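Notes to accompany the following structure.
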Ligand SMILES: *[C@H]1[C@H](N)[C@H](CO)[C@@H](O)[C@H](O)[C@@H]1O
Ligand SMILES: [Br-]
Ligand SMILES: [Br-]
Ligand SMILES: [Br-]
Ligand SMILES: [Br-]
Ligand SMILES: [Br-]
Ligand SMILES: [Br-]
Ligand SMILES: [Cl-]
Ligand SMILES: [Cl-]
Ligand SMILES: [Cl-]
Ligand SMILES: [Cl-]
Ligand SMILES: [Cl-]
Ligand SMILES: [Cl-]
Ligand code: NA
Ligand code: NA
């Protein structure tokens, strides 16, 4: 960083051409073939209506990129010059001034190339030829004798498995097929003296409250022929002030040098996850000094913490949980997918907003699921500074893969590159070999699809990749981080004997058609996947569809559904709990309410059942395009009802009323580090007009210990509420400390929404609108159920939404958007259940 090197970004002056046309046009780099075409209206909007079919032709053509740049005489006399490609998608021939520098074959590898002997004083010409990844792999497929069973690869021929390229680019059961190419990450040229730091690893040797012991491991590449005396320095600082400083004398030899400097931090300030404290980061800087001058420098942000994954046999089967700084931590978060069909269109602002969405929803963990990418350095920096643990899959999902020597050598290159790239992040907690490949080999009926000899080949192939190569590479390069070969590693949703062993993917809800209530009984040791779909709200549907298409199974809505079951299954689930509205608009509103309430029920069952269950990661956080899917946040950044419900279900203190077998239990759930003493629970039945039925019920002298779920109240329904009252009232619950200050509250309904006697009502609101802001006060004299405050403004944020407005209780809501202007009244439309029939 702060050294005598000069860096030139090659981010301007690029042109592209469809190969064999000789027509050139301006391009943006980093970027994609598809975005470059869109920018010159050579493709329609890939996301609108039926346009998916209309853009498939791009994957059959080859594509060429070129730029030129100036090098001075002074630059050419530096000791060394490197050209760095952080990403090429995928089969790319790189030519500089007549030299073939590189034949790239892995989207997930960065390439560092020496170019000083090939550079010229004046103009320099860089050309890149991108072979179609389809045409490049058709002969490979022809030679194979069988088709890999990759059902998410939306083509007769399943060519995805032969290419180290983002699996979802070929299609997915929530995804558009956009098999793109190009310079997907930045290109840089570094001019320097003596040497570069190829790698800086801060290895934590031990950590106690009294001391942290580190080993600073440096790989230094020396480009000059002489022996060079040098001083290696490491500076450890906190908030700009030096904590400790160490140095070592060396003489650097030509080529690779290994340097190790120990360092200690007495009374260390620990990194803590979101909800448990501050995600404190130290600045570790390494310098190579030759005389006056600092020839190379590299820094990392470093969090001092311990992370142990506990996976041991016990009385219930096999445990699966995270211990952070010595304390077992119930996991709360979601599975993350790519934010766009076109990865470089995802901006810094969009990454910062997604981490804001996770932190505000009380999350402490994200799984980077194995059909996407190894994410960019910014994703992992934001995880570090927001206290969110990362579960990292390798990029293999839902099919067996090849295991021939050439293919395994490509995989080894990506594994070593991305382990060294990511191993200094505080957030990084564990590596996972793949998503569901063992499950697929055991249970998806491959015995019947292939010969005995091919099935046998697939099974031996699984072990070579997932039980040998990947675990050895983690042992060698990240030896204190946990690795598991697959998620889920043994449990099957169809086999209850197996649920006590490791993590679960519960396909029972959605694919199995089970009701949401099944989640109270079908418990795992750790839920790493479960979910339910929704249509996104109307302002997103209008981005891909017209009013002619507003039907659950129109041609266009079916084109924005990629699951087998499809859109009618949502109708099937809705009927069990809600009256089905006639309006499409009203159906969509109720679908959002449905997904939120059903999933929140599962999240609550998982926390309630700790310590048998030690975490829950729902499917899925986010969307790559305008689509019907399992997401809690649509493509445009709009929170669905699920996201507000995840935030509530993940609250550090939670009152959880649960009704089973005509009785009510109330559990108090805490992920706090401190115990709470002398607490009062208070409850009160209130009818849909605001009249108390009976007296208040009070439970005193309650203890809520750190990191526990405990029952503190049970009562039969017969003898308390009339069946008529269960249709016409709700329970208010509140938790207060010794002094009577409120620390939590909850609302309970005794019957399904469709069996409620909801009074017709209207929600009135006053509005005060300034620049960037609108403050609403809401009022109804009768209960309004599950209200949705709807506005046309894309990405508008709400203090709250998708909540019950209680009878004669005024409610303040704040709406923020940089697009909100004083004197330009924001349109507001307030929906509620009773209005839909
Ligand atoms: C789980 C997800 N629910 C889908 C199938 O139900 C599919 O994306 C994949 O199997 C995921 O792991
Ligand atoms: Br060089
Ligand atoms: Br180099
Ligand atoms: Br050495
Ligand atoms: Br990047
Ligand atoms: Br293993
Ligand atoms: Br019941
Ligand atoms: Cl020196
Ligand atoms: Cl937490
Ligand atoms: Cl076969
Ligand atoms: Cl219909
Ligand atoms: Cl309820
Ligand atoms: Cl009404
Ligand atoms: Na990079
Ligand atoms: Na919990």
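Residue numbers (the authors' numbering): 27 to 863. The C-beta atom is built at its ideal place from N, Cα and C for all residues, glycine as well.
### Message
Under DSSP, the alpha helix (DSSP H) around residue 497 begins and ends at which residues?
### Response
496-503
### Query
Just to confirm, does residue 403 get its C-beta within under 7 Å of one of the non-hydrogen atoms of ligand 14?
yes
### Alpha-carbon to alpha-carbon, residue 122 and residue 356
53 Å
### Task
Classify residue 203 as buried or exposed, calling it buried when 16 or more other Cβ atoms lie within 10 Å of its own Cβ.
buried
### Message
Less than 7 Å separating the Cβ of residue 251 from some heavy atom of ligand 2?
### Response
no
### Query
In chain order, which beta strand (DSSP E) runs of at least 3 residues are fully inside the segment 546-627?
553-555
#### Entry: Proximity of residue 570 and residue 645 at Cβ, strictly below 8 Å
no
### Around ligand 6, Cβ to any heavy atom closer than 6 Å, ordered along the chain
493, 497, 511
### Message
By DSSP's criteria, residue 766 is part of a beta bridge. Which residues make up the other side?
### Response
Answer is none; residue 766 lacks a bridge partner.
### Task
Report the residue from 454, 364, 271, 220 whose alpha carbon sits nearest the alpha carbon of residue 298.
454
### Task
Counting only the same chain and skipping the five closest in sequence on each side, list residues whose C-beta sits under 6 Å from that of residue 510.
458
#### Entry: Near ligand 5: residue 211 beta-carbon under 7 Å from a heavy atom
yes
#### Entry: Assigned exposure category for residue 126 - 16 Cβ within 10 Å defines buried
exposed
#### Entry: Any beta strand (DSSP E) of 3 or more consecutive residues that is wholly inside the segment 240-320
254-264, 267-278, 281-292, 308-316
### Task
Determine the contact status of residue 661 and residue 817, defining contact as a CB-CB distance below 8 Å.
no
### Query
For residue 593 versus residue 600, is the C-beta distance shorter than 8 Å?
no
#### Entry: Per-residue DSSP class, three states only, for residue 698
coil
### Message
Taking DSSP's pairing of strands, which residues face residue 392 in a bridge?
### Response
360, 416
### Task
Report yes or no: do the segment 425-443 and the segment 495-503 share at least 3 C-beta pairs separated by less than 8 Å?
yes
### Task
Locate the beta strand (DSSP E) running through residue 355, then write down its first and last residues.
353-355
### Query
Hey, how far is the Cα of residue 934 from the Cα of residue 807?
It is not possible to answer for residue 934, since the shown part of the chain is limited to 27 through 863.
### For residue 668 and residue 548, the rounded distance between their alpha carbons
21 Å
### Task
Answer yes or no: the CB of residue 316 versus the heavy atoms of ligand 8, is any distance below 7 Å?
yes
### Task
Just grab the DSSP bridge partners of residue 148 for me.
97
### Query
What is the DSSP secondary structure of residue 536, reduced to helix, strand or coil?
coil
### Task
With DSSP as the reference, label residue 59 as helix, strand or coil.
helix
### Under the three-state DSSP convention, the category residue 38 falls into
coil
### Message
Less than 8 Å between the C-beta atoms of residue 773 and residue 758, yes or no?
### Response
yes
### Query
Taking residue 422 as the reference, which of 603, 190, 413 has the closest Cα?
190
### Message
Assuming residue 842 is part of the beta strand (DSSP E), what are its boundary residues?
### Response
837-842
### Message
Report the CB separation of residue 141 from residue 219 in whole angstroms; it is logged as a contact under 8 Å.
### Response
Rounded, the Cβ-Cβ distance is 16 Å, inconsistent with contact.
### Query
Is the closest heavy atom of ligand 3 to the C-beta of residue 621 under 7 Å?
no
### Message
Rounded to the nearest angstrom, what separates residue 300 and residue 385 at their Cα positions?
### Response
7 Å
### Message
Just checking residue 242 against ligand 4 - is the residue's beta carbon closer than 7 Å to any of the ligand's heavy atoms?
### Response
no
### As assigned by DSSP and simplified to three states, the class of residue 480
helix
### Message
Can you confirm whether the segment 219-228 touches the segment 99-106 when touching is taken to mean that 3 or more C-beta pairs between the two stretches lie within less than 8 Å?
### Response
yes
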